[PDB]
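A short write-up of the structure that comes next.
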Amino acid sequence: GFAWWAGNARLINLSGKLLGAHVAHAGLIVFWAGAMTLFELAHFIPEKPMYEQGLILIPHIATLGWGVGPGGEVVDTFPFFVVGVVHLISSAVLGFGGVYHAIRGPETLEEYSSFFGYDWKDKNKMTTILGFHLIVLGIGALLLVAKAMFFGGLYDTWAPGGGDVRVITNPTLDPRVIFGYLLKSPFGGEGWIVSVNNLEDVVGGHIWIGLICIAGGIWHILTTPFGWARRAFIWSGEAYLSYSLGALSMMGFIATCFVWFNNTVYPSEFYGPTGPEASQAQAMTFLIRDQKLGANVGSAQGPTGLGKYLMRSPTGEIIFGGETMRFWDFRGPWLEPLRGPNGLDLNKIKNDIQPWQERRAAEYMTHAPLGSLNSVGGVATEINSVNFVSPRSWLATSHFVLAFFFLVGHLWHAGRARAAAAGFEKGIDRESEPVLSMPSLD
Amino acid sequence: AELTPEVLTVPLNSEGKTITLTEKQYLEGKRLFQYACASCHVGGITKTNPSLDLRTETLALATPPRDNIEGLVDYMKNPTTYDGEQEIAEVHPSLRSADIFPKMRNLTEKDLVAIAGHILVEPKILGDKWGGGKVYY
Amino acid sequence: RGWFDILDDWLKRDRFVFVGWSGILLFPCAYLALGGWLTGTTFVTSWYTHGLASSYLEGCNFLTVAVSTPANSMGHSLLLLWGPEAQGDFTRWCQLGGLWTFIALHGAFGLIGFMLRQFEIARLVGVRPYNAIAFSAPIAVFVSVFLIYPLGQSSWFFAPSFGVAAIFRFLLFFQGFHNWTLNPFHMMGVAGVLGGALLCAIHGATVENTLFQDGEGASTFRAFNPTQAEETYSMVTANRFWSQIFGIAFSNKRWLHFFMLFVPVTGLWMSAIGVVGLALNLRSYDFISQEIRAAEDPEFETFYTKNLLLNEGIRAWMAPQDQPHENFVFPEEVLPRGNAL
Amino acid sequence: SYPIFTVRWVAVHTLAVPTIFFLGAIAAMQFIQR
Amino acid sequence: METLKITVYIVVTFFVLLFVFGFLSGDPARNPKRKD
Amino acid sequence: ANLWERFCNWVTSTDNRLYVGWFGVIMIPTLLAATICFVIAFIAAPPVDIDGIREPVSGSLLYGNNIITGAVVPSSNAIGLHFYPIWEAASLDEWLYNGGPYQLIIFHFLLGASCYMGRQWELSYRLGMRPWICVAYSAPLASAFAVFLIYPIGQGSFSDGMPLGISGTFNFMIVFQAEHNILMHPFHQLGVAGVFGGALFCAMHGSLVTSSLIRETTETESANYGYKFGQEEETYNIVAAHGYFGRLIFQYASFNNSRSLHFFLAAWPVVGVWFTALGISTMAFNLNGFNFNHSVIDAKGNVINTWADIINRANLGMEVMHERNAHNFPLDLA
Amino acid sequence: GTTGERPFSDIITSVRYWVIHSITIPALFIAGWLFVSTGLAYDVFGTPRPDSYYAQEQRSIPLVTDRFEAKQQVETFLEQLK
Ligand code: CLA
Ligand code: CLA
Ligand code: CLA
Ligand code: CLA
Ligand SMILES: CC1=C(/C=C/C(C)=C/C=C/C(C)=C/C=C/C=C(C)/C=C/C=C(C)/C=C/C2=C(C)CCCC2(C)C)C(C)(C)CCC1
Ligand SMILES: CC1=C(/C=C/C(C)=C/C=C/C(C)=C/C=C/C=C(C)/C=C/C=C(C)/C=C/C2=C(C)CCCC2(C)C)C(C)(C)CCC1
Ligand SMILES: CC1=C(/C=C/C(C)=C/C=C/C(C)=C/C=C/C=C(C)/C=C/C=C(C)/C=C/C2=C(C)CCCC2(C)C)C(C)(C)CCC1
Ligand SMILES: [Cl-]
Ligand SMILES: [Cl-]
Ligand SMILES: [Fe+2]
């Protein structure tokens, strides 16, 4: 009974056509990953940092350790070409199976074959499909471990000497560390799982998730839902979609904050500096400049009475002054050599800042993630000249938007699933209006 | 008003000799300045040391005087502090340091002249806005 | 049945676009106001009135083109094409800003024509004329912003210019110079506009989620017949819902729809009044008690004092380019600036 | 059996004819160089 | 402050537990038409 | 009939004058906490060092404010995004100086309002209604999340979240324009179309239905008494309303399906306000409004100002004055 | 539910419609183009070309500053470009 504008809802109970809708749509994702990567490569100039060039996929490949060497410099673009081509090619096969199943194949599957066929209300069949996909995801997570440990490693921004591709020989398995992240507060200085700052924890957490997903996949193949679950949930295709919509929404918000704060699995070398990073780099820049001119940055009182260059955080740590006081939770490979037990060390500052640190701070201050929609870099009052918007802003904003609409979609489809399941999603029965059989409130 | 040869005529050296850039050179230098320099010197200021700008009068007072094509081309190969007392290739883009500043790698001798020319022409067009900062935006 | 009635007959024939006697006023004036805006934004500069480019021809985009106001030196001239300023010369007329008065004045008679059309069609069809009444609020806003405001000031120059970013500038001018956010008549208009949008959304959603099931399709739109006598949604269930969610609810569908007229219409009427005050610089700019305390006590600070520093910023930084006819020359050293910036 | 020229006909072309003209004028503008 | 922190921890846990268990107590069935 | 099932039966009861529900179980306390703290702070809270520079801003009535200037002031910049509950302060005195109450209020409020949304789903299910009123309310809810949570997260401090007060709101929106050019951002422009259009369509709908009320009363009575709560017949003639509005414009610009009309009424402002909430939420990550500063230049290279350059001049005055003591370095990067 | 004019959908799917309008539509577009490509738009409306906002060594706006001498003021600025 659906209109053309809700036309895909006509697929709910056509398992064979719905399968083609999904596989064709997976062809589109793979196509984009392939075409986008080749577009980025055709446009790539290796002399410029990736983050001046509008690149979001090449940084994901570099981060996996392909095509880069010490300091993030691109050494070989061929792995980029390969990743693009293979994805591009594979979308043709997904395209082929998707259109075949949507147009030509059996409209429904449950007559053609009892294994591929499914009823949404079949809780056993449904948990088995879930179990298969869990196992798949577990394999996926273990492929990242395979790459880090046995096939060349990953890019490590924290490596000695400016960052480098490093093999991960001792992943963290201690569950107090791995699961300790899940229990960290999301507020400032803690940052939940976004605070993961080394590849050992990254790789070990994926060992864990791969095992847990395979464990759980086998569990759901072998069981059916307990009655407490049977009574808490709505068991319908739209209900299942709504559960996934909330999940992806949650995941999108998390990813938004990941690319905005994390400079470990989003190296600043490739993605540009974080907001916090750039703001810290500015204070560093003028600390360096003024001290070279003779200023004693430790003892310089600023207008407010707080230190002009340096001050204390609320728990005592020596931190950069000015408005960047808010960003003192920032940690970065260019800054950490200056940190002592009490925060920034005045003796290291006076004596041990290196040109590469001066360069890096200057670079990151001038590539802060601020810019206009038409890609003029800088604060909104800046004149045209610099064509730049940080990859971090592009990735953060887009995924905030998608996460928001998917929470809307969740609410839409969860409420409709509930109401369709109880039988009043098309409206109120005039002859059996519930409120007319209730007592009035007053 | 237009981009006449008089505004495209700038000092070549300190002896007083002049060179007359072309419109092609001026526009190519503007694009190269944006490519390699504007992230710090948008509008003729210096975001990481605002006490030093690209105003002609400031360049004139640098040691090595830099208000001419030559001084600028030399600055792009071997930058010094404003009094010329120390070389700063390792914290300032230059051909001498194109290993650590890779955008300087693919710049040719003629590109240097074009960048130098744009820097010398632009205050003649924009006046005080060049190197003046936000007061004049 | 003479010529007047025969013409009445023809003006009021049922055709795809109803004309009527109000059509004689409405159609030329609406077409000329609209065509003047499109002509000026495509082709005409503001170089001689404002020192600004303002047309597609000059390099502007949809957000920055405008038909800008005349030069302050024109005062409140009507700027007739045949008047003493342009003296019949079309080109000079455009360069002196004559298309601004052209659009404003034809717009004003256009709005009159539109409201007369609302009266005319309501009388012919046999309905009460509340849509015409409600349209009084758009009219009040237009005449108070586009005519009264500049007539109490020095010239048309300070009316809004007809463009997207030109209007954005007008908003910011009112903050820095009139402190218009602090004005209670604006605050009432803000509550009227935001109040209307809430009412709009909440009523539409409520109807759509209290529908009776009157068809079998999953598209509930088909189950409505415009000639059916029965309500299409349950006021009773809607009332219970909101009584239990919010505490109170509508119970009278006539009051409900009257209230939806009343709220945004009253809001706009209120903001118009405040703008009439700003025509005379009769602002709600300061709280005296605040200023007395702050002058005496340098440790007293509020969001009120903080916002006046921002105003002072806006004034000194925008005035020389926004009022070029005043030849404001502010040396660097006199501009108000906080530390570093 | 319809009329061709109507009050509707006029209102349409009163708008549509200047539109196409202005669109051509604005298209040309994208090729103006300073 | 520790007394307070403790109190609040206990109050929140209590209300969160009420919430989770409330919705696990056959909430789909609490509607006016089809209860199951 | 055991103790627990009776509590469950009262929680979800449709007979309660105010519906509680499982969402209400979280909503009622968090809203009471935020409300009580707000009222007390607005009246009597001492001055707060919002920007971390030991320059406290007086927000409350007893410290020299009126209704218009009063606010509960955002928490200190020194705190940034750190969690600052009462039990983390050495004393209430310290908690009050650093803006502790703001955090307590905005967190309890965002929670309770989120549960308010779900409460709207929940009672719709208990009543046999369709479920999407809560979707309409997610547009305002998302707008409050944007100004109290998302914008602080992206700029790194709750001191840049929106203050809880009239004049503090204006301060927030002036500073926002200077730093993001929100007026030149298309998602804010869609918000204006959403709220201007929603005010329009509110007045239109209200005037069209009021215009076509069926005569049921005398001229001495309010017309409103011609409708009786729960009558089955519609109270106005929609075909007359269509006949008027279709002639005011033309036939096909007028609805004659009341279902599509009211869906349109619901969708226009909801979608417009989703976009403006997404505007704030994405400017939180500094993807700012269009920048056409110096975009037009003449044959020689002179800048030719447009209205956007004039906008920029005003934005500069706001930039250079805001938080006038709180910047030591020449770029205000957050 | 109609007032007697021919339905739009019937007109625009008609061969005669498209025989006429495949000429009129591109001709008007071309007309509008020529209005700009020839320069006429500048002279008609009085809009500065990119080389005639300022005189060569001039950075002052030619602002009208007189109400009844405005016409002549503009003309005086324009002659200062020759
Ligand atoms: C995994 C994601 C997913 C999936 C599979 C579905 C699946 C479904 N949805 Mg749900 N939905 C989702 C996410 C999802 N939705 C999200 C995120 C939202 C919030 C916005 C919604 C909101 C929503 C509503 C409001 C409704 C559905 C409906 C439906 C059903 C019919 C859909 C249809 O035919 O659309 C047909 C497709 C179109 C009409 C095209 C839409 C065009 C979009 C809006 C424009 C997007 C363009 C983008 C912005 C880029 C612009 C660039 C330009 C060049 C185009 C179907 C079961 C309907 C329903 O309840 O059925 C039961 C229904 O009424 N959905
Ligand atoms: C990713 C997007 C997507 C996908 C995969 C689908 C998929 C599908 N839709 Mg939905 N739909 C979508 C978006 C999508 N839709 C949108 C945006 C709208 C709003 C306009 C709708 C509205 C809609 C309606 C109203 C209906 C569907 C229906 C269907 C199904 C049958 C369609 C059919 O018979 O085609 C027939 C069409 C053709 C034969 C035309 C040719 C189409 C081909 C496949 C184009 C692709 C060419 C491509 C380049 C091939 C490459 C070749 C290579 C792989 C070898 C199919 C599974 C129908 C359904 O549910 O059936 C019960 C149905 O009634 N859809
Ligand atoms: C998850 C997606 C999916 C699912 C569930 C199905 C399910 C089905 N398909 Mg479709 N199909 C798909 C994708 C999918 N197919 C794709 C991508 C293509 C394009 C190549 C096709 C092309 C296709 C055709 C042409 C036909 C089917 C048919 C069938 C049915 C019988 C399959 C069978 O017995 O093979 C059993 C399994 C095998 C014979 C071999 C499986 C070994 C595979 C190839 C290796 C594993 C791949 C790996 C896990 C992932 C890819 C690797 C990559 C990451 C590099 C069944 C309903 C038949 C049908 O419906 O006829 C009525 C039929 O004729 N399918
Ligand atoms: C995509 C992943 C996925 C999905 C959809 C499901 C789905 C399901 N599982 Mg399976 N499961 C999975 C992965 C998945 N599982 C994996 C990987 C494992 C191995 C660890 C399991 C192990 C497992 C067991 C052991 C059982 C299920 C059961 C169930 C059913 C009830 C779920 C339920 O009530 O959750 C709703 C969640 C709760 C009621 C508890 C809430 C507690 C959470 C953690 C609170 C945290 C909230 C917070 C905001 C999140 C932040 C992070 C947090 C750690 C702090 C349902 C069909 C049950 C069943 O019927 O089995 C047949 C069951 O007993 N699952
Ligand atoms: C169902 C349907 C639908 C959908 C569809 C789909 C979604 C599809 C897809 C499909 C797909 C998804 C496709 C794909 C394709 C692809 C391909 C076909 C590829 C190819 C490739 C190539 C050829 C390559 C080449 C190369 C190389 C190799 C190297 C380098 C160079 C180059 C690149 C050239 C629609 C909506 C329409 C409608 C309804 C129905
Ligand atoms: C990889 C990695 C890692 C790790 C991680 C992990 C280990 C994670 C996990 C995670 C997890 C472990 C998660 C969990 C989650 C859960 C959730 C998400 C939940 C949900 C829930 C819900 C949703 C419910 C609901 C309900 C209720 C409450 C009541 C009744 C009804 C219902 C059922 C509906 C780390 C960080 C180290 C690092 C990096 C990498
Ligand atoms: C002023 C004047 C006059 C008049 C004139 C006229 C009346 C004009 C008209 C004109 C016109 C009448 C014009 C038109 C134009 C138009 C246009 C220019 C359009 C455009 C549009 C567009 C561009 C659109 C597009 C789009 C988009 C964008 C999105 C969506 C889709 C669419 C398609 C909508 C006269 C002679 C008396 C003389 C005096 C002066
Ligand atoms: Cl401020
Ligand atoms: Cl600072
Ligand atoms: Fe209504």
Side-chain angles (χ1 to χ4, degrees), chain C residues 16 18 52-53 59-60 64 121 125 127-128 130-131 134 165-166 168-169 172 181 193 196-197 199-201 204-205 207-209 221 224 226 229-232 236 244 251-255 257-258 260-261 264-265 301-304 306-307 309-310 313-314 317-318 321-322 337-341, chain F residues 19 57-58 69 71 129-130 132-133 136 167-168 170-171 174 183 195 198-199 201-203 206-207 209-212 224 227 229-230 232-235 240 243-244 247-248 256-260 262-263 265-266 269-270 296 304-308 310-311 313-314 316-318 320-321 324 327 330:
Chain C
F16 183 92
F18 176 95
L52 303 165
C60 294
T64 54
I121 293 176
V125 157
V127 305
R128 321 159 86 206
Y130 283 84
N131 180 233
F168 297 157
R169 167 261 171 209
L172 296 181
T181 37
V193 169
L199 282 166
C200 190
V207 169
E208 280 300 289
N209 290 279
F221 294 108
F224 178 86
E230 306 80 10
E231 64 169 345
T232 201
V236 169
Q244 295 186 281
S251 74
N252 191 293
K253 189 186 294 210
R254 280 169 184 218
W255 170 241
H257 289 84
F258 178 82
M260 295 184 70
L261 192 170
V265 170
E301 181 170 15
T302 63
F303 278 104
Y304 165 79
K306 281 157 70 37
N307 290 338
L309 293 161
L310 298 174
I314 300 172
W317 283 73
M318 92 176 290
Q321 311 77 17
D322 184 66
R337 299 178 83 160
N339 202 59
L341 306 183
Chain F
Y19 183 72
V57 173
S58 180
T69 73
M129 296 172 47
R130 281 145 59 76
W132 296 310
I133 289 168
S167 287
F170 310 145
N171 179 81
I174 291 159
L183 291 177
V195 296
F201 304 140
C202 183
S207 70
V209 173
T210 302
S211 286
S212 55
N224 296 339
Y227 170 89
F229 172 66
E232 311 203 48
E233 323 81 59
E234 192 47 81
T235 197
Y244 163 87
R247 289 182 176 86
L248 180 69
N256 53 14
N257 187 333
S258 170
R259 272 149 191 245
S260 348
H262 286 87
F263 165 71
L265 290 189
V270 164
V296 181
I304 305 306
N305 287 324
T306 73
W307 284 114
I310 302 291
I311 296 180
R313 293 301 301 178
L316 282 160
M318 309 173 202
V320 297
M321 290 311 303
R324 71 217 174 270
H327 320 87

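Chain A is the first sequence line, chain B the second, and so forth, proteins listed ahead of strands; every chain is numbered from 1. Values reported hereafter were calculated over all heavy atoms of this structure, with side chains retained and with hydrogens, waters and symmetry mates removed.
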**Partner chain F: residue of C/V236, C/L261, C/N131 with the largest heavy-atom pair count (under 4.5 Å)** = C/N131
**Complete:** Applying a strict 4.5 Å limit to non-hydrogen atoms, the region of F/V195 in contact with chain C is both
**Message:** Does any backbone or side-chain atom of F/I174 lie under 4.5 Å from a heavy atom of chain C? Answer side chain, backbone, both or neither.
**Reply:** side chain
**Message:** So which residue, F/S211, F/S167, F/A199, F/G198, ends up with the most heavy-atom pairs under 4.5 Å with chain C?
**Reply:** F/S211
**Item:** Residues forming a ring pair (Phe, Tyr, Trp, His ring centres under 6.0 Å) with C/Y304, sequence neighbours excluded
**Value:** C/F287
**Prompt:** Using a cut-off of under 4.5 Å for heavy-atom pairs, which of F/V296, F/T69, F/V270 has the most such pairs with chain C?
**Reply:** F/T69
**Asked** Any side-chain heavy-atom pair from F/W307 and C/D322 closer than 4.5 angstrom?
**Response** yes
**Asked** At their closest point, which heavy atom of C/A205 faces which heavy atom of F/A266, and how far apart are they?
**Response** N-CB, 3.3 Å
**Prompt:** So which of C/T64, C/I121, C/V125 has the largest heavy-atom pair count under 4.5 angstrom toward chain F?
**Reply:** C/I121
**Message:** As an exercise: rank C/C60, C/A229, C/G59, C/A134 by heavy-atom pairs under 4.5 Å with chain F and give me the winner.
**Reply:** C/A229
**Message:** Quick check for you: among F/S212, F/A240, F/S260, which has the greatest number of heavy-atom pairs under 4.5 Å with chain C?
**Reply:** F/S260
**Prompt:** How close do C/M318 and F/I310 get, heavy atom to heavy atom, and via which atoms?
**Reply:** CE-CG2, 3.9 Å
**Message:** Can you tell me which of F/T235, F/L316, F/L248, F/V209 forms the most heavy-atom pairs within a distance under 4.5 Å of chain C?
**Reply:** F/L248
**Message:** Walk me through whether F/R324 and C/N339 qualify under side-chain contact (heavy atoms from CB on, under 4.5 Å).
**Reply:** CA-CA 6 Å; F/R324 71 217 174 270; C/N339 202 59; over 6 Å; no
**Request:** Dump the intermediate steps for side-chain contact (heavy atoms from CB on, under 4.5 Å) on F/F263 and C/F221, then the final yes or no.
**Result:** CA-CA 9 Å; F/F263 165 71; C/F221 294 108; 3.8 Å; yes
**Request:** State, yes or no, whether a side-chain contact exists between C/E230 and F/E233 at a heavy-atom distance under 4.5 Å.
**Result:** no
**Request:** Could you tell me whether the side chains of F/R259 and C/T232 share a donor-acceptor contact shorter than 3.5 Å?
**Result:** yes
**Request:** Measure centre to centre between the rings of C/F303 and F/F170, then say whether the value is under 6.0 Å.
**Result:** no
**Closest non-hydrogen atom pair between F/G206 and C/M260, with its separation** = CA-CB, 4.0 Å
**Heavy-atom closest contact (F/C202 atom, C/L199 atom, distance)** = SG-CB, 3.7 Å
**Asked** Closest approach of C/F18 and F/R247, non-hydrogen atoms and distance?
**Response** CB-O, 3.9 Å
**Asked** Judged by atom type as modelled, is there a donor-acceptor pair below 3.5 Å linking the side chain of F/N305 to the main-chain atoms of C/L52?
**Response** no
**Message:** Rounded to the nearest 0.5 Å, what separates atom NZ in C/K253 from atom CG in F/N224?
**Reply:** 13.5 Å
**Prompt:** Between F/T210 and C/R128, is any side-chain donor less than 3.5 angstrom from a side-chain acceptor?
**Reply:** no
**Prompt:** C/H257: what forms a ring pair (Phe, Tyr, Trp, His ring centres under 6.0 Å) with it, not counting sequence neighbours?
**Reply:** C/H203, F/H205
**Request:** Find out whether F/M318 and C/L172 are in side-chain contact, i.e. whether some heavy atom of one side chain is under 4.5 Å from a heavy atom of the other.
**Result:** yes
**Message:** For the backbone of C/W317 and the side chain of F/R313, can you confirm whether one donor and one acceptor N or O come within less than 3.5 Å of each other?
**Reply:** yes
**Message:** Between C/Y130, C/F258, C/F168, who has the most heavy-atom pairs with chain F when the cutoff is under 4.5 Å?
**Reply:** C/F168
**Request:** Identify which of C/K306, C/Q244, C/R337 forms the greatest number of heavy-atom pairs closer than 4.5 Å to chain F.
**Result:** C/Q244
**Request:** Mind ranking F/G168, F/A136, F/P330 by heavy-atom pairs under 4.5 Å with chain C and telling me who comes out on top?
**Result:** F/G168
**Complete:** Closest non-hydrogen atoms of F/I311 and C/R169, given as atom of the first, atom of the second and distance, are CG1-N, 4.1 Å
**Complete:** From the list C/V207, C/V127, C/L309, C/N252, the residue making the most non-hydrogen contacts under 4.5 Å with chain F is C/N252
**Asked** Measuring heavy-atom distances to chain F, does C/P264 have an atom under 4.5 Å in its side chain, in its backbone, in both, or in neither?
**Response** side chain
**Message:** Using only atom types and a distance under 3.5 Å, with no angle test, would you say the side chain of C/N209 pairs donor to acceptor with the backbone of F/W132?
**Reply:** yes
